[PDB]
>>> print(open('final18.cif').read())   # mmCIF, C-alpha atoms and all ligand atoms
data_query
#
loop_
_atom_site.label_atom_id
_atom_site.label_comp_id
_atom_site.auth_asym_id
_atom_site.auth_seq_id
_atom_site.Cartn_x
_atom_site.Cartn_y
_atom_site.Cartn_z
CA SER M 1 212.04 143.51 -8.32
CA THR M 2 210.38 141.62 -11.16
CA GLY M 3 206.97 140.54 -12.42
CA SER M 4 205.69 137.80 -14.71
CA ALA M 5 202.11 137.33 -15.94
CA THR M 6 200.48 134.93 -18.39
CA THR M 7 198.62 136.51 -21.31
CA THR M 8 195.80 134.65 -23.07
CA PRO M 9 194.12 135.13 -26.47
CA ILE M 10 190.47 136.21 -26.18
CA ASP M 11 189.39 133.98 -29.08
CA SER M 12 190.58 131.31 -31.51
CA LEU M 13 191.83 133.98 -33.92
CA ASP M 14 194.15 135.73 -31.46
CA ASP M 15 192.24 138.99 -32.03
CA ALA M 16 193.56 140.26 -28.69
CA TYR M 17 195.27 139.13 -25.48
CA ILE M 18 194.15 139.63 -21.88
CA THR M 19 196.31 139.59 -18.75
CA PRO M 20 195.02 139.41 -15.17
CA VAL M 21 195.79 142.53 -13.13
CA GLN M 22 195.18 143.07 -9.41
CA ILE M 23 193.75 146.47 -8.45
CA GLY M 24 193.02 147.77 -4.96
CA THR M 25 192.93 146.36 -1.43
CA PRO M 26 191.69 143.77 -1.11
CA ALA M 27 192.65 142.87 -4.68
CA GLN M 28 190.10 143.14 -7.47
CA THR M 29 191.23 141.08 -10.46
CA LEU M 30 190.44 142.46 -13.90
CA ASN M 31 191.54 141.12 -17.30
CA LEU M 32 193.29 143.95 -19.13
CA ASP M 33 194.60 144.34 -22.68
CA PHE M 34 198.29 145.36 -22.55
CA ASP M 35 198.71 148.06 -25.18
CA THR M 36 202.16 149.34 -26.14
CA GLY M 37 200.42 151.79 -28.46
CA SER M 38 198.71 153.82 -25.73
CA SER M 39 199.55 155.22 -22.30
CA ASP M 40 196.33 155.11 -20.30
CA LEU M 41 195.33 152.55 -17.67
CA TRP M 42 191.54 152.52 -17.74
CA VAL M 43 188.92 150.08 -16.53
CA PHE M 44 185.21 149.37 -16.53
CA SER M 45 183.89 150.45 -13.13
CA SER M 46 180.92 150.98 -10.85
CA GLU M 47 180.75 154.46 -12.38
CA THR M 48 180.22 153.23 -15.95
CA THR M 49 176.70 153.90 -17.22
CA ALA M 50 174.82 150.69 -16.42
CA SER M 51 173.55 150.36 -19.98
CA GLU M 52 177.09 150.28 -21.35
CA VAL M 53 178.18 147.29 -19.27
CA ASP M 54 177.58 143.77 -20.58
CA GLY M 55 179.38 140.99 -18.74
CA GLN M 56 182.62 142.82 -17.99
CA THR M 57 184.21 142.66 -14.54
CA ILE M 58 184.03 146.11 -12.94
CA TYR M 59 186.37 147.89 -10.54
CA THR M 60 184.60 149.22 -7.43
CA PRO M 61 186.66 152.00 -5.87
CA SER M 62 184.37 152.23 -2.85
CA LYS M 63 185.31 148.65 -1.99
CA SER M 64 189.05 149.39 -2.08
CA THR M 65 190.65 150.84 1.05
CA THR M 66 193.65 152.21 -0.86
CA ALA M 67 191.61 153.96 -3.55
CA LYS M 68 191.64 157.76 -3.55
CA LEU M 69 189.73 160.08 -5.88
CA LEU M 70 192.04 162.34 -7.90
CA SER M 71 189.97 165.49 -7.50
CA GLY M 72 189.25 167.40 -10.67
CA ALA M 73 191.12 164.96 -12.89
CA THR M 74 189.46 163.71 -16.06
CA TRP M 75 190.38 161.62 -19.09
CA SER M 76 189.19 161.09 -22.65
CA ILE M 77 190.55 158.72 -25.29
CA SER M 78 189.77 157.73 -28.87
CA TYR M 79 191.60 154.83 -30.54
CA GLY M 80 192.63 154.37 -34.16
CA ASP M 81 189.68 151.98 -34.01
CA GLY M 82 187.26 154.86 -33.70
CA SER M 83 186.76 153.41 -30.23
CA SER M 84 186.29 155.90 -27.39
CA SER M 85 186.17 156.03 -23.60
CA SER M 86 186.16 158.69 -20.86
CA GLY M 87 185.72 159.29 -17.15
CA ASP M 88 187.37 160.28 -13.88
CA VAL M 89 190.58 159.21 -12.16
CA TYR M 90 191.50 157.35 -8.99
CA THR M 91 194.88 156.39 -7.54
CA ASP M 92 195.27 152.85 -6.17
CA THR M 93 197.61 149.89 -5.73
CA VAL M 94 198.15 147.83 -8.89
CA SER M 95 200.00 144.52 -9.15
CA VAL M 96 201.02 142.56 -12.24
CA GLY M 97 202.35 139.05 -11.72
CA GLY M 98 203.81 139.87 -8.33
CA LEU M 99 205.13 143.33 -9.21
CA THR M 100 203.38 146.00 -7.15
CA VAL M 101 203.03 149.73 -7.75
CA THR M 102 201.37 152.04 -5.22
CA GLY M 103 199.69 155.29 -6.20
CA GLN M 104 199.12 154.23 -9.81
CA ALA M 105 196.60 156.32 -11.75
CA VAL M 106 193.55 154.12 -12.37
CA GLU M 107 191.23 155.74 -14.90
CA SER M 108 187.60 154.85 -14.20
CA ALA M 109 185.27 154.81 -17.21
CA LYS M 110 181.97 156.66 -17.04
CA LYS M 111 181.27 156.26 -20.76
CA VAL M 112 182.46 153.61 -23.22
CA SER M 113 181.84 153.09 -26.95
CA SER M 114 179.51 150.29 -28.05
CA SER M 115 182.58 148.49 -29.39
CA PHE M 116 183.76 148.11 -25.79
CA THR M 117 180.38 147.16 -24.32
CA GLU M 118 180.10 144.40 -26.92
CA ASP M 119 183.50 142.99 -25.88
CA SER M 120 182.78 141.04 -22.68
CA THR M 121 186.26 139.55 -22.33
CA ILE M 122 188.12 142.87 -22.01
CA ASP M 123 187.72 144.72 -18.71
CA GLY M 124 190.03 147.57 -19.65
CA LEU M 125 193.44 148.56 -21.00
CA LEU M 126 196.95 148.92 -19.61
CA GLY M 127 198.97 151.37 -21.67
CA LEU M 128 202.68 150.73 -22.12
CA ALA M 129 203.67 153.46 -24.57
CA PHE M 130 205.47 156.58 -23.31
CA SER M 131 203.86 158.71 -20.62
CA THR M 132 203.75 161.70 -22.97
CA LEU M 133 200.61 160.20 -24.52
CA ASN M 134 198.66 159.90 -21.26
CA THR M 135 195.33 161.73 -21.57
CA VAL M 136 194.72 162.68 -17.94
CA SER M 137 193.99 166.38 -17.48
CA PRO M 138 194.81 168.78 -16.09
CA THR M 139 197.64 166.72 -14.59
CA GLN M 140 199.15 164.11 -16.92
CA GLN M 141 199.79 160.73 -15.27
CA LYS M 142 202.61 158.19 -15.60
CA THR M 143 202.21 154.66 -16.98
CA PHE M 144 202.53 151.51 -14.88
CA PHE M 145 205.94 150.81 -16.42
CA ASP M 146 207.19 154.32 -15.70
CA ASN M 147 206.12 153.96 -12.07
CA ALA M 148 207.80 150.58 -11.61
CA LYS M 149 210.97 151.36 -13.58
CA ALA M 150 213.07 152.34 -10.57
CA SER M 151 212.20 149.22 -8.58
CA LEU M 152 212.80 146.88 -11.52
CA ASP M 153 216.00 144.83 -11.66
CA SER M 154 216.33 146.13 -15.23
CA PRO M 155 214.26 148.92 -16.83
CA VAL M 156 212.74 146.51 -19.33
CA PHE M 157 209.65 144.48 -20.14
CA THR M 158 209.33 141.63 -22.62
CA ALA M 159 206.49 140.43 -24.83
CA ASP M 160 206.22 136.75 -25.71
CA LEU M 161 202.83 136.39 -27.42
CA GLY M 162 201.66 132.94 -28.41
CA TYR M 163 200.08 131.70 -31.63
CA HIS M 164 196.73 130.17 -30.63
CA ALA M 165 198.20 129.72 -27.15
CA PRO M 166 199.07 131.58 -23.93
CA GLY M 167 202.13 133.80 -23.70
CA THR M 168 204.09 135.81 -21.16
CA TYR M 169 204.66 139.43 -20.20
CA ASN M 170 207.77 139.78 -17.99
CA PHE M 171 208.85 142.95 -16.17
CA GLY M 172 212.38 143.62 -14.96
CA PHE M 173 214.26 140.70 -16.52
CA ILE M 174 215.06 138.83 -19.74
CA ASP M 175 214.35 135.09 -19.83
CA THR M 176 217.28 133.77 -21.87
CA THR M 177 215.48 130.45 -22.24
CA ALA M 178 212.47 131.97 -24.00
CA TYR M 179 214.25 132.51 -27.32
CA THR M 180 216.78 131.01 -29.72
CA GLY M 181 219.98 132.55 -31.05
CA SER M 182 220.83 136.14 -30.14
CA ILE M 183 218.74 139.24 -29.49
CA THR M 184 219.17 141.99 -32.08
CA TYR M 185 218.68 145.49 -30.69
CA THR M 186 217.53 148.45 -32.76
CA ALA M 187 217.16 152.18 -32.11
CA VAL M 188 213.84 153.60 -30.92
CA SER M 189 212.50 157.09 -31.58
CA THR M 190 210.31 158.55 -28.83
CA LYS M 191 209.44 161.76 -30.66
CA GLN M 192 205.79 160.76 -31.09
CA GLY M 193 205.54 158.87 -27.81
CA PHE M 194 205.47 155.42 -29.43
CA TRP M 195 207.89 152.50 -29.48
CA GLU M 196 208.86 153.68 -32.95
CA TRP M 197 211.63 151.96 -34.90
CA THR M 198 212.82 151.36 -38.46
CA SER M 199 212.70 147.95 -40.14
CA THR M 200 215.50 147.25 -42.62
CA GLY M 201 213.43 145.49 -45.26
CA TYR M 202 211.25 142.52 -46.11
CA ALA M 203 210.82 139.32 -48.09
CA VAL M 204 207.78 137.41 -49.36
CA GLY M 205 207.98 133.63 -49.12
CA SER M 206 211.35 132.34 -50.32
CA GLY M 207 211.73 135.52 -52.34
CA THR M 208 214.64 137.95 -52.44
CA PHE M 209 215.04 140.22 -49.42
CA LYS M 210 214.32 143.84 -50.35
CA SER M 211 216.43 146.32 -48.39
CA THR M 212 214.16 149.27 -47.66
CA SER M 213 213.56 151.46 -44.62
CA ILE M 214 210.18 150.90 -42.98
CA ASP M 215 209.35 153.18 -40.06
CA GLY M 216 206.60 151.86 -37.80
CA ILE M 217 205.60 151.17 -34.21
CA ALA M 218 205.63 148.02 -32.08
CA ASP M 219 201.99 147.79 -30.94
CA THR M 220 200.71 144.86 -28.87
CA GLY M 221 197.29 146.51 -28.84
CA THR M 222 196.80 146.12 -32.59
CA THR M 223 195.83 142.76 -34.07
CA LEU M 224 197.17 142.98 -37.60
CA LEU M 225 200.28 144.09 -39.47
CA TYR M 226 199.85 147.39 -41.36
CA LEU M 227 202.53 148.16 -43.97
CA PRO M 228 202.91 150.50 -46.97
CA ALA M 229 200.71 149.85 -50.00
CA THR M 230 203.69 148.78 -52.12
CA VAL M 231 204.82 146.11 -49.65
CA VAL M 232 201.30 144.81 -49.03
CA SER M 233 200.55 144.59 -52.76
CA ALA M 234 203.73 142.57 -53.31
CA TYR M 235 202.70 140.11 -50.60
CA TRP M 236 199.13 139.49 -51.79
CA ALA M 237 200.25 139.30 -55.42
CA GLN M 238 201.68 135.91 -54.43
CA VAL M 239 198.28 134.57 -53.34
CA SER M 240 195.97 133.34 -56.10
CA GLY M 241 192.51 134.86 -55.90
CA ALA M 242 193.60 137.40 -53.31
CA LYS M 243 192.23 140.90 -53.85
CA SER M 244 191.47 144.20 -52.12
CA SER M 245 187.74 144.45 -51.37
CA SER M 246 186.05 147.83 -50.96
CA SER M 247 183.06 146.14 -49.34
CA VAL M 248 185.03 144.46 -46.56
CA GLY M 249 187.69 147.15 -46.35
CA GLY M 250 190.91 145.27 -47.00
CA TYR M 251 192.66 142.35 -48.66
CA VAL M 252 190.76 139.05 -48.66
CA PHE M 253 191.75 135.66 -50.10
CA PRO M 254 190.19 132.27 -50.87
CA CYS M 255 190.15 130.32 -47.60
CA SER M 256 191.51 127.30 -49.50
CA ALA M 257 194.72 129.16 -50.31
CA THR M 258 198.13 128.54 -48.76
CA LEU M 259 199.76 131.72 -47.45
CA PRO M 260 203.47 132.37 -48.00
CA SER M 261 205.53 133.50 -45.01
CA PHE M 262 206.58 137.12 -44.54
CA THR M 263 210.06 138.22 -43.45
CA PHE M 264 210.86 141.57 -41.84
CA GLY M 265 214.32 142.95 -41.17
CA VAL M 266 215.78 143.95 -37.82
CA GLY M 267 219.23 145.40 -38.39
CA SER M 268 221.06 142.52 -40.09
CA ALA M 269 218.75 139.88 -38.59
CA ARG M 270 215.50 138.53 -39.95
CA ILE M 271 212.20 137.60 -38.41
CA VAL M 272 210.00 135.16 -40.27
CA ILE M 273 206.23 135.19 -39.85
CA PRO M 274 204.77 131.80 -40.84
CA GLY M 275 201.97 132.03 -43.40
CA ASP M 276 199.52 130.41 -40.99
CA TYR M 277 199.78 133.49 -38.74
CA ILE M 278 198.46 135.67 -41.58
CA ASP M 279 195.13 133.84 -41.89
CA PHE M 280 192.29 135.52 -40.00
CA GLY M 281 189.47 133.25 -41.08
CA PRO M 282 186.16 133.74 -42.91
CA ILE M 283 184.96 137.34 -43.26
CA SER M 284 181.59 135.98 -42.14
CA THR M 285 180.35 132.64 -40.78
CA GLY M 286 180.23 130.10 -43.58
CA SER M 287 181.99 132.37 -46.07
CA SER M 288 184.71 130.98 -48.33
CA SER M 289 186.49 134.35 -48.33
CA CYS M 290 189.08 134.82 -45.56
CA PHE M 291 190.56 137.99 -44.05
CA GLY M 292 194.26 138.71 -44.43
CA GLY M 293 196.52 139.60 -41.53
CA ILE M 294 198.65 141.98 -43.58
CA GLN M 295 196.85 145.17 -44.62
CA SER M 296 197.72 148.61 -46.02
CA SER M 297 198.59 151.49 -43.70
CA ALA M 298 197.76 154.07 -46.38
CA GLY M 299 194.74 155.36 -44.49
CA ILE M 300 196.26 155.11 -41.02
CA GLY M 301 199.21 157.44 -41.49
CA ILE M 302 201.67 155.12 -39.76
CA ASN M 303 202.97 151.57 -40.19
CA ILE M 304 201.99 149.24 -37.36
CA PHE M 305 203.81 146.09 -36.30
CA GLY M 306 200.86 144.52 -34.53
CA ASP M 307 200.33 141.13 -32.91
CA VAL M 308 200.72 139.27 -36.21
CA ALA M 309 204.38 140.30 -36.37
CA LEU M 310 205.19 140.52 -32.66
CA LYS M 311 203.97 137.01 -31.87
CA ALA M 312 206.55 135.61 -34.28
CA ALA M 313 209.31 136.90 -32.01
CA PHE M 314 210.53 137.40 -28.47
CA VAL M 315 210.36 141.17 -28.05
CA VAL M 316 212.32 143.24 -25.55
CA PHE M 317 211.16 146.76 -24.71
CA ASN M 318 214.22 148.42 -23.15
CA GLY M 319 213.12 151.53 -21.30
CA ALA M 320 216.68 152.59 -20.53
CA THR M 321 217.70 156.24 -20.82
CA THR M 322 218.38 155.46 -24.47
CA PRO M 323 215.41 153.18 -25.24
CA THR M 324 215.84 150.30 -27.65
CA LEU M 325 213.78 147.42 -29.07
CA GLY M 326 215.18 143.89 -29.06
CA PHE M 327 214.00 141.13 -31.40
CA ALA M 328 214.81 137.42 -31.24
CA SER M 329 213.51 134.29 -32.96
CA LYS M 330 211.78 131.71 -30.76
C1 LIG J 1 194.98 150.29 -36.90
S1 LIG J 1 194.47 150.67 -35.21
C2 LIG J 1 192.96 149.79 -34.75
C3 LIG J 1 193.42 149.06 -33.47
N1 LIG J 1 192.43 148.05 -33.11
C4 LIG J 1 192.60 146.75 -33.34
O1 LIG J 1 193.60 146.28 -33.88
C5 LIG J 1 191.47 145.85 -32.85
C6 LIG J 1 191.78 145.31 -31.46
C7 LIG J 1 190.68 144.47 -30.88
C8 LIG J 1 189.90 144.95 -29.84
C9 LIG J 1 188.88 144.16 -29.32
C10 LIG J 1 188.64 142.90 -29.83
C11 LIG J 1 189.42 142.42 -30.87
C12 LIG J 1 190.43 143.21 -31.39
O2 LIG J 1 191.23 144.75 -33.78
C13 LIG J 1 190.88 145.01 -35.04
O3 LIG J 1 190.72 146.20 -35.40
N2 LIG J 1 190.74 143.95 -36.06
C14 LIG J 1 190.92 142.59 -35.56
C15 LIG J 1 189.90 141.65 -36.24
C16 LIG J 1 190.23 141.54 -37.74
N3 LIG J 1 189.44 140.44 -38.33
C17 LIG J 1 189.41 142.84 -37.80
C18 LIG J 1 190.33 144.03 -37.47
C19 LIG J 1 193.64 150.01 -32.28
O4 LIG J 1 192.92 151.00 -32.15
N4 LIG J 1 194.50 149.61 -31.35
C20 LIG J 1 194.66 150.40 -30.12
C21 LIG J 1 194.40 149.55 -28.89
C22 LIG J 1 193.06 148.81 -28.90
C23 LIG J 1 191.86 149.76 -28.97
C24 LIG J 1 190.54 148.98 -29.00
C25 LIG J 1 190.42 148.06 -27.78
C26 LIG J 1 191.62 147.13 -27.65
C27 LIG J 1 192.94 147.89 -27.67
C28 LIG J 1 196.03 151.06 -30.07
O5 LIG J 1 197.06 150.15 -29.85
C29 LIG J 1 196.23 152.04 -31.25
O6 LIG J 1 197.56 152.57 -31.24
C30 LIG J 1 197.82 153.38 -32.27
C31 LIG J 1 196.73 153.64 -33.08
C32 LIG J 1 196.92 154.48 -34.18
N5 LIG J 1 198.13 155.00 -34.42
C33 LIG J 1 199.20 154.76 -33.65
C34 LIG J 1 199.06 153.94 -32.54
#
>>> encode(input="final18.cif", output="structure tokens")
Amino acid sequence: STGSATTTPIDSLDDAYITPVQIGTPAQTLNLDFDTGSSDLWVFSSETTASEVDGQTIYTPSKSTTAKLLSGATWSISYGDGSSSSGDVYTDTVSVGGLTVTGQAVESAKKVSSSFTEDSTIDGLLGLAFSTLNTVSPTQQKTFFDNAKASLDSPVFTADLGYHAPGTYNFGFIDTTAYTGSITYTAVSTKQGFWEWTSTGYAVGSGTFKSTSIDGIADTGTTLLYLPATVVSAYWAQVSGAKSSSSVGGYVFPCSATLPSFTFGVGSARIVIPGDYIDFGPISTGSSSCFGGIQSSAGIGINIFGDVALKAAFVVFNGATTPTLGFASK
């Protein structure tokens, strides 16, 4: 079997992407954020404290005939954002772009952080990291991908995120028309439960490629690109007026500036991120200072290849026995 769903930016900055997901019987369509950096499938629901809901579409288990309470099960999650959510657990039928999974753990939120309440376009998350990170207790649950794996034509899913445009999440097959040239595969470490890999180096603009090992994770659920202080400093040193601001918490640059591209290595291949992708607009309405899409990971503890990098490529997540990550230009 296979599945294919269109994913759409939530705003003109591509801060995040939402993908319609059908839950229950009859179907209840919610717009979820596909997150390869987490392993929980959670949604706003009829159980969420009324004051914490503001415009989101909610899942109503009582209206679904295939929903079943998972007695005693609970969940609690806190994101690198500081964001937090918690609640109880149901099992129900979930379909993504035609691909159906029965008995999928659907985590119903009772409490959500203000950050979530304020975000009316996101109805919940769909975790696509490894099941070892799932927070359901006392019985850990499997991810949607894990549950569909067997039925898939190939144990893979691909991410084709657009720049200021819709993209595609495919399950079970590789669209050979979606990319140019060849796909370069690279080893993945599952030790921490992430799609963790090692980049072979980088280049700024038309500069010399620097061969250096960069260990990080492929994370669709993170907007920006977080790299080591040394790499980030070398990038922004090429932008006049750019500086690290303590007040805004990161590198900012004069909106009138032209950003150089950034190249990251995948084995012997190279992926180029156009400079335009690295511009995240004014720090505040009317400001002439703009926010940079490449920031330091120093305080995070891990390098993150977020949307900024992923959207420059066609990305294959191969969930085979020996998982790999495939990168192609497009
Ligand atoms: C450096 S992890 C911070 C990161 N959250 C972001 O990237 C958010 C995403 C967002 C959400 C809602 C609207 C707009 C953007 O966006 C921004 O933080 N920014 C974009 C706007 C830019 N101008 C301001 C900075 C993060 O927790 N991701 C997790 C998923 C995320 C949680 C919040 C809801 C949406 C999904 C997740 O994958 C983290 O996995 C790991 C985290 C830490 N170790 C390893 C893996």
>>> axis_aligned_box(input="final18.cif", around="range 210-218 of chain M", padding_each_side="8 Å", output="JSON")
{"center_x": 211.0, "center_y": 148.5, "center_z": -41.2, "size_x": 26.8, "size_y": 25.3, "size_z": 34.3}
>>> atom_distance(input="final18.cif", atom1="CA of residue 37 in chain M", atom2="CA of residue 124 in chain M")
14.3 Å
>>> closest_residue(input="final18.cif", among="M:121, M:85, M:238, M:324", to="residue 261 in chain M", atoms="only C-alpha atoms")
M:238
>>> closest_residue(input="final18.cif", among="M:122, M:204, M:225, M:41", to="residue 143 in chain M", atoms="all atoms listed in the file")
M:41
>>> closest_atom_pairs(input="final18.cif", of="chain M", to="ligand LIG 1 (chain J)", cutoff="8 Å", atoms="only C-alpha atoms and all ligand atoms", output="JSON lines")
{"residue": "M:10", "atom": "CA", "partner": "J:LIG1", "partner_atom": "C10", "distance": 7.8}
{"residue": "M:15", "atom": "CA", "partner": "J:LIG1", "partner_atom": "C11", "distance": 4.6}
{"residue": "M:16", "atom": "CA", "partner": "J:LIG1", "partner_atom": "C12", "distance": 5.1}
{"residue": "M:33", "atom": "CA", "partner": "J:LIG1", "partner_atom": "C27", "distance": 6.3}
{"residue": "M:34", "atom": "CA", "partner": "J:LIG1", "partner_atom": "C27", "distance": 7.8}
{"residue": "M:35", "atom": "CA", "partner": "J:LIG1", "partner_atom": "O5", "distance": 5.4}
{"residue": "M:36", "atom": "CA", "partner": "J:LIG1", "partner_atom": "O5", "distance": 6.4}
{"residue": "M:37", "atom": "CA", "partner": "J:LIG1", "partner_atom": "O5", "distance": 4.0}
{"residue": "M:38", "atom": "CA", "partner": "J:LIG1", "partner_atom": "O5", "distance": 5.8}
{"residue": "M:79", "atom": "CA", "partner": "J:LIG1", "partner_atom": "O4", "distance": 4.4}
{"residue": "M:80", "atom": "CA", "partner": "J:LIG1", "partner_atom": "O4", "distance": 3.9}
{"residue": "M:81", "atom": "CA", "partner": "J:LIG1", "partner_atom": "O4", "distance": 3.9}
{"residue": "M:82", "atom": "CA", "partner": "J:LIG1", "partner_atom": "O4", "distance": 7.0}
{"residue": "M:83", "atom": "CA", "partner": "J:LIG1", "partner_atom": "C24", "distance": 6.0}
{"residue": "M:115", "atom": "CA", "partner": "J:LIG1", "partner_atom": "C9", "distance": 7.6}
{"residue": "M:116", "atom": "CA", "partner": "J:LIG1", "partner_atom": "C25", "distance": 7.0}
{"residue": "M:119", "atom": "CA", "partner": "J:LIG1", "partner_atom": "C10", "distance": 6.5}
{"residue": "M:122", "atom": "CA", "partner": "J:LIG1", "partner_atom": "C9", "distance": 7.5}
{"residue": "M:125", "atom": "CA", "partner": "J:LIG1", "partner_atom": "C27", "distance": 6.7}
{"residue": "M:194", "atom": "CA", "partner": "J:LIG1", "partner_atom": "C34", "distance": 7.3}
{"residue": "M:217", "atom": "CA", "partner": "J:LIG1", "partner_atom": "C34", "distance": 7.3}
{"residue": "M:219", "atom": "CA", "partner": "J:LIG1", "partner_atom": "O5", "distance": 5.6}
{"residue": "M:220", "atom": "CA", "partner": "J:LIG1", "partner_atom": "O5", "distance": 6.5}
{"residue": "M:221", "atom": "CA", "partner": "J:LIG1", "partner_atom": "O5", "distance": 3.8}
{"residue": "M:222", "atom": "CA", "partner": "J:LIG1", "partner_atom": "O1", "distance": 3.5}
{"residue": "M:223", "atom": "CA", "partner": "J:LIG1", "partner_atom": "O1", "distance": 4.2}
{"residue": "M:224", "atom": "CA", "partner": "J:LIG1", "partner_atom": "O1", "distance": 6.1}
{"residue": "M:226", "atom": "CA", "partner": "J:LIG1", "partner_atom": "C1", "distance": 7.2}
{"residue": "M:280", "atom": "CA", "partner": "J:LIG1", "partner_atom": "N3", "distance": 5.9}
{"residue": "M:281", "atom": "CA", "partner": "J:LIG1", "partner_atom": "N3", "distance": 7.7}
{"residue": "M:283", "atom": "CA", "partner": "J:LIG1", "partner_atom": "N3", "distance": 7.3}
{"residue": "M:291", "atom": "CA", "partner": "J:LIG1", "partner_atom": "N3", "distance": 6.3}
{"residue": "M:292", "atom": "CA", "partner": "J:LIG1", "partner_atom": "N3", "distance": 8.0}
{"residue": "M:293", "atom": "CA", "partner": "J:LIG1", "partner_atom": "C16", "distance": 7.6}
{"residue": "M:297", "atom": "CA", "partner": "J:LIG1", "partner_atom": "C1", "distance": 7.8}
{"residue": "M:300", "atom": "CA", "partner": "J:LIG1", "partner_atom": "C1", "distance": 6.5}
{"residue": "M:301", "atom": "CA", "partner": "J:LIG1", "partner_atom": "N5", "distance": 7.6}
{"residue": "M:302", "atom": "CA", "partner": "J:LIG1", "partner_atom": "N5", "distance": 6.4}
{"residue": "M:304", "atom": "CA", "partner": "J:LIG1", "partner_atom": "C1", "distance": 7.1}
{"residue": "M:306", "atom": "CA", "partner": "J:LIG1", "partner_atom": "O1", "distance": 7.5}
>>> write_last_selection(input="final18.cif", atoms="C-alpha atoms", output="PDB file, in the frame of the given file")
ATOM      1  CA  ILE M  10     190.470 136.210 -26.180  1.00  0.00           C
ATOM      2  CA  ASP M  15     192.240 138.990 -32.030  1.00  0.00           C
ATOM      3  CA  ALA M  16     193.560 140.260 -28.690  1.00  0.00           C
ATOM      4  CA  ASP M  33     194.600 144.340 -22.680  1.00  0.00           C
ATOM      5  CA  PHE M  34     198.290 145.360 -22.550  1.00  0.00           C
ATOM      6  CA  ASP M  35     198.710 148.060 -25.180  1.00  0.00           C
ATOM      7  CA  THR M  36     202.160 149.340 -26.140  1.00  0.00           C
ATOM      8  CA  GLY M  37     200.420 151.790 -28.460  1.00  0.00           C
ATOM      9  CA  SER M  38     198.710 153.820 -25.730  1.00  0.00           C
ATOM     10  CA  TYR M  79     191.600 154.830 -30.540  1.00  0.00           C
ATOM     11  CA  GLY M  80     192.630 154.370 -34.160  1.00  0.00           C
ATOM     12  CA  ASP M  81     189.680 151.980 -34.010  1.00  0.00           C
ATOM     13  CA  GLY M  82     187.260 154.860 -33.700  1.00  0.00           C
ATOM     14  CA  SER M  83     186.760 153.410 -30.230  1.00  0.00           C
ATOM     15  CA  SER M 115     182.580 148.490 -29.390  1.00  0.00           C
ATOM     16  CA  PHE M 116     183.760 148.110 -25.790  1.00  0.00           C
ATOM     17  CA  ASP M 119     183.500 142.990 -25.880  1.00  0.00           C
ATOM     18  CA  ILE M 122     188.120 142.870 -22.010  1.00  0.00           C
ATOM     19  CA  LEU M 125     193.440 148.560 -21.000  1.00  0.00           C
ATOM     20  CA  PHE M 194     205.470 155.420 -29.430  1.00  0.00           C
ATOM     21  CA  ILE M 217     205.600 151.170 -34.210  1.00  0.00           C
ATOM     22  CA  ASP M 219     201.990 147.790 -30.940  1.00  0.00           C
ATOM     23  CA  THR M 220     200.710 144.860 -28.870  1.00  0.00           C
ATOM     24  CA  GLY M 221     197.290 146.510 -28.840  1.00  0.00           C
ATOM     25  CA  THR M 222     196.800 146.120 -32.590  1.00  0.00           C
ATOM     26  CA  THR M 223     195.830 142.760 -34.070  1.00  0.00           C
ATOM     27  CA  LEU M 224     197.170 142.980 -37.600  1.00  0.00           C
ATOM     28  CA  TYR M 226     199.850 147.390 -41.360  1.00  0.00           C
ATOM     29  CA  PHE M 280     192.290 135.520 -40.000  1.00  0.00           C
ATOM     30  CA  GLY M 281     189.470 133.250 -41.080  1.00  0.00           C
ATOM     31  CA  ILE M 283     184.960 137.340 -43.260  1.00  0.00           C
ATOM     32  CA  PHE M 291     190.560 137.990 -44.050  1.00  0.00           C
ATOM     33  CA  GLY M 292     194.260 138.710 -44.430  1.00  0.00           C
ATOM     34  CA  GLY M 293     196.520 139.600 -41.530  1.00  0.00           C
ATOM     35  CA  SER M 297     198.590 151.490 -43.700  1.00  0.00           C
ATOM     36  CA  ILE M 300     196.260 155.110 -41.020  1.00  0.00           C
ATOM     37  CA  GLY M 301     199.210 157.440 -41.490  1.00  0.00           C
ATOM     38  CA  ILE M 302     201.670 155.120 -39.760  1.00  0.00           C
ATOM     39  CA  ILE M 304     201.990 149.240 -37.360  1.00  0.00           C
ATOM     40  CA  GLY M 306     200.860 144.520 -34.530  1.00  0.00           C
TER      41      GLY M 306
END
>>> closest_residue(input="final18.cif", among="M:114, M:208, M:8, M:93", to="residue 262 in chain M", atoms="only C-alpha atoms")
M:208
>>> residues_around(input="final18.cif", residues="residue 22 in chain M", least_positions_apart="4", cutoff="10 Å", atoms="all atoms listed in the file", output="count of residues only")
15
>>> atom_distance(input="final18.cif", atom1="CA of residue 50 in chain M", atom2="CA of residue 142 in chain M")
28.8 Å
>>> residues_around(input="final18.cif", residues="residue 296 in chain M", least_positions_apart="2", cutoff="8 Å", atoms="all atoms listed in the file", output="VMD selection string")
chain M and resid 226 to 229 232 250 294 298 to 299
>>> residues_around(input="final18.cif", residues="residue 71 in chain M", least_positions_apart="2", cutoff="8 Å", atoms="only C-alpha atoms", output="mmCIF file with C-alpha atoms, in the frame of the given file")
data_model
loop_
_atom_site.group_PDB
_atom_site.id
_atom_site.type_symbol
_atom_site.label_atom_id
_atom_site.label_comp_id
_atom_site.auth_asym_id
_atom_site.auth_seq_id
_atom_site.Cartn_x
_atom_site.Cartn_y
_atom_site.Cartn_z
ATOM 1 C CA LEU M 69 189.730 160.080 -5.880
ATOM 2 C CA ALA M 73 191.120 164.960 -12.890
ATOM 3 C CA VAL M 89 190.580 159.210 -12.160
#
>>> closest_residue(input="final18.cif", among="M:70, M:310, M:295, M:78", to="residue 251 in chain M", atoms="all atoms listed in the file")
M:295
